[PDB]
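Undergrad: PDB entry and its sequence, pasted below:
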Amino acid sequence: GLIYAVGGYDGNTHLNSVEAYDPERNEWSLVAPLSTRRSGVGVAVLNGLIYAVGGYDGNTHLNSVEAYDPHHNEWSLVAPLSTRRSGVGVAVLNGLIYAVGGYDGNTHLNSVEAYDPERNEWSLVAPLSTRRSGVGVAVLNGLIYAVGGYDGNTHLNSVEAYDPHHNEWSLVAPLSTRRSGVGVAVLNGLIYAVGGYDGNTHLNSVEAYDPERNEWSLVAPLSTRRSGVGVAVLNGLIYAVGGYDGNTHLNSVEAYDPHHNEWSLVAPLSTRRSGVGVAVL
C-alpha cells in the first residue's frame with residue numbers, strides 16, 4: 001500500500017536513503033537506509049520483501065543485492081549477482097527476480113539472470129538480443145518486456161519480450177522514440193513507457209503498449225522531462241518519481257490517471273533522486 005523510493009542520485013552524492021509514500025496522507029517518510037549507496041538500482045517486490053539489485057555507489061558498480069523487510073524496517077544482504085549491474089531492469093515472474101541487462105563498468109550487458117529466493121541463488125538465462133542499460137522492464141501476460149535502453153553506442157527504441165517457458169527473447173514493436181533511463185509499468189493490460197532520454201533530449205513524453213495489437217501509442221506527457229525516473233502503479237494510478245530533466249535532478253512526483261489521461265503533481269520526495277528504484281509494498 002506504500003510506494004518505496006530506493007536510493008538514487010541527488011546531483012551531488014549517491015544515496016543510501018529510502019522513503020515511503022502513503023497516498024492516503026500524501027506524505028513521504030524516510031525509513032531504514034540501504035547498506036550501500038545505490039543509483040541505477042533495480043527494485044522489485046517478492047514474498048513481502050523489497051529487493052534492491054545492483055547499482056552504483058559512486059565509485060564502483062555493484063553486484064550486491066539486499067532485501068528490505070517492512071515488519072522490521074531492516075535491509076539484509078543476500079546472494080550477489082553473477083556480474084556487477086547498474087542501470088539494470090528488474091521484474092518478478094513466477095516467483096523469480098529477473099535482472100535484465102545493465103552496465104558492469106567495463107561493458108554494457110545483454111545478459112540476464114534470475115534469483116530463486118528459496119535457494120538464495122542467481123542463475124544466468126537467455127540473453128537479450130542487444131545490450132541494454134537504462135532499460136525499463138515490466139511483466140505482462142506471463143512475459144518480461146525489456147523496453148529501450150542504451151547499448152553503449154546508441155540509444156534504443158527497440159523492445160523485446162522474454163518467454164520463460166521457452167527461455168527465449170523476441171523483438172516486438174519498437175517505441176515511437178528512443179528511450180534510455182525510461183520508467184516502465186503495467187496498468188489495465190498496457191505497458192507504459194514514461195520519460196527517458198533519446199540521446200539528444202530528455203523526454204516528457206509517455207507511450208502505452210497494447211499487446212493485443214502490438215502497437216505503442218503516445219498519451220499525455222509528464223509535467224516535466226524525466227530520465228532516470230522511477231515508476232510504479234498504486235490504486236489505479238501510475239506514479240512517476242524523481243528523475244532528471246536535463247538541468248536539475250528532481251524531487252517532484254506526479255501521478256497519471258488513465259481514465260482522464262492526465263498527470264498531476266503530488267507531494268515531493270525529501271531528497272532529489274534520479275536513478276531511483278521504485279516499488280509498491
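TA: Yep, that arrived. Residues are numbered from 1 along each chain as shown.
Undergrad: I figured residue 229 hits residue 195, correct?
TA: Yes: with contact defined as C-beta atoms under 8 Å, residue 229 reaches residue 195; the gap is 4.8 Å. Using the backbone N, CA and C atoms, a C-beta is placed for each residue, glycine as well.
Undergrad: identify the residues contacting residue 249.
TA: Residues near residue 249 by C-beta atoms under 8 Å, 6 or more residues apart in numbering: 9, 10, 11, 242, 243, 272, 273, 274.
Undergrad: one step back: which neighbours do residue 229 and residue 195 have in common?
TA: By C-beta under 8 Å, 6+ apart, the residues touching both residue 229 and residue 195 are 181, 182, 183, 240, 243.
Undergrad: from those residues, which two are the most distant?
TA: Greatest spatial distance in these: 181 and 240, 12.2 Å, computed using C-beta to C-beta.
Undergrad: thinking again about what came up before, between residue 229 and residue 195, which is the more surrounded one?
TA: More crowded of residue 229 and residue 195, by other C-beta atoms under 10 Å: residue 229, with 33 against 27.
Undergrad: how far away is that one from residue 75?
TA: For residue 229, the distance to residue 75 (C-beta to C-beta, to the nearest Å) stands at 23 Å.
Undergrad: do residue 153 as well
TA: 36 Å.
Undergrad: more crowded one of the two?
TA: residue 75 (23 against 7).
Undergrad: let's verify that one: helix, strand, or coil?
TA: The three-state assignment at residue 75 reads strand, by DSSP: H, G, I helix; E, B strand; the rest coil.
Undergrad: buried residues of stretch 99-114, list them for me.
TA: Within stretch 99-114, the residues scored as buried using 16 or more other C-beta atoms under 10 Å are 99-104, 108-114.
Undergrad: so which of those residues sit within strands?
TA: 99, 100, 112, 113, 114 (DSSP state E).
Undergrad: the second one pairs with what?
TA: Applying DSSP bridges to residue 100 yields these beta-bridge partners: residue 89, residue 112.
Undergrad: distance check, residue 1 against residue 156.
TA: 34 Å.
Undergrad: just residue 84 next, same as before
TA: From residue 84 to residue 156 the distance is 21 Å (C-beta to C-beta).
Undergrad: show me which of those two is the more surrounded one.
TA: Shown here are residue 84 and residue 156; by other C-beta under 10 Å, residue 156 has more neighbours (26 against 21).
Undergrad: residue 79 reaches residue 120, doesn't it?
TA: Yes: at 4.7 Å, residue 79 counts as touching residue 120 under the criterion of C-beta under 8 Å.
Undergrad: more neighbours: which of these two?
TA: residue 79 (15 against 10).
Undergrad: what is the burial count for residue 280?
TA: 17.
Undergrad: then residue 165?
TA: Residue 165, neighbours per other C-beta under 10 Å, totals 8.
Undergrad: in three-state terms, how would it be classified?
TA: Applying three-state DSSP: residue 165 is coil.
Undergrad: cool, residue 169 as well?
TA: Applying three-state DSSP: residue 169 is strand.
Undergrad: burial check on it, number of neighbours?
TA: 23.
Undergrad: can you give the strand pairings for the host helix or strand of residue 45, parallel or anti for each?
TA: With secondary structure defined by DSSP states H and E, residue 45 is part of strand 42-46. Here strand 42-46 is paired, per DSSP bridges, with strand 49-56 (antiparallel).
Undergrad: that older thread, mutual contacts of residue 181 and residue 240, please.
TA: With C-beta under 8 Å, 6+ apart as the test, residue 181 and residue 240 both reach 195, 229.
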